[PDB]
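1. sharing an experimental structure here, sequence included.
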Amino acid sequence: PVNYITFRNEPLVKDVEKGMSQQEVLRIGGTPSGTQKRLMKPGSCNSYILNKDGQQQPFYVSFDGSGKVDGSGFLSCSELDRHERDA
C-alpha cells in the first residue's frame, strides 16, 4: 500500500505529465532501471525504483505508440503488462 505523501516530491511523480516526450521524461527522472516494449498496447514502458527516506517503491512511465506519456503509476512495467493482459 503506497504512501503517496512519501513520494510526492519525486521528480517522476511530481513533474511527469501526459503527452510528454521520451526525452523529457529521461531528463526529469534519470536512467530507468529498465525499458521495454509494451506487451499489450502500442508504445513502450520505463521501469524505476523510487528510493526515498529508506523506502523503495517501483514506479513506471508508459508511452503510447506516438512516443508520448499516457500513464504512470506505482508498479513495474512487467506488472503493468500483467494487468493489461488480464483486463
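-> Here it is on my side, so go on. Residues are numbered from 1 along each chain as shown.
2. which parts of stretch 79-87 are buried?
-> Residues of stretch 79-87 classed as buried by neighbour count (16 or more other CB atoms under 10 Å): 80, 81. No exception for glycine: its C-beta is placed from N, CA and C like everyone else's.
3. max-length helix in the chain?
-> Longest helix in the chain by number of residues (criterion: DSSP state H): helix 77-86.
4. check which helices and strands that one sits against.
-> On a contact count with 3 or more CB pairs under 8 Å, 6 or more residues apart in numbering; DSSP states H and E, helix 77-86 meets strand 34-37, strand 44-52, strand 55-63.
5. just want the angle from that helix to strand 44-52.
-> Helix 77-86 and strand 44-52 are oriented at 130 degrees to each other (axes from the mean of the first three to the mean of the last three CA atoms, to 10 degrees).
6. tell me which residues are up against helix 77-86.
-> Helix 77-86 has contacts (CB atoms under 8 Å, 6 or more residues apart in numbering) with 34-36, 38-41, 45-47, 58, 60, 62, 71, 73, 75.
7. mind saving the C-alpha coords of that helix as PDB?
-> This file holds the C-alpha atoms of helix 77-86, laid out as PDB (Å, rounded to 0.1, in the frame of the first residue of the first chain):
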ATOM      1  CA  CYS A  77       6.400  -2.300 -16.300                       C
ATOM      2  CA  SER A  78       6.100  -6.100 -16.100                       C
ATOM      3  CA  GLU A  79       3.300  -5.600 -13.500                       C
ATOM      4  CA  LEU A  80       1.700  -3.300 -15.900                       C
ATOM      5  CA  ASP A  81       1.900  -5.900 -18.700                       C
ATOM      6  CA  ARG A  82       0.400  -8.500 -16.300                       C
ATOM      7  CA  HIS A  83      -2.500  -6.100 -15.800                       C
ATOM      8  CA  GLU A  84      -3.100  -5.000 -19.400                       C
ATOM      9  CA  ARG A  85      -3.200  -8.800 -20.400                       C
ATOM     10  CA  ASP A  86      -5.800  -9.700 -17.800                       C
END
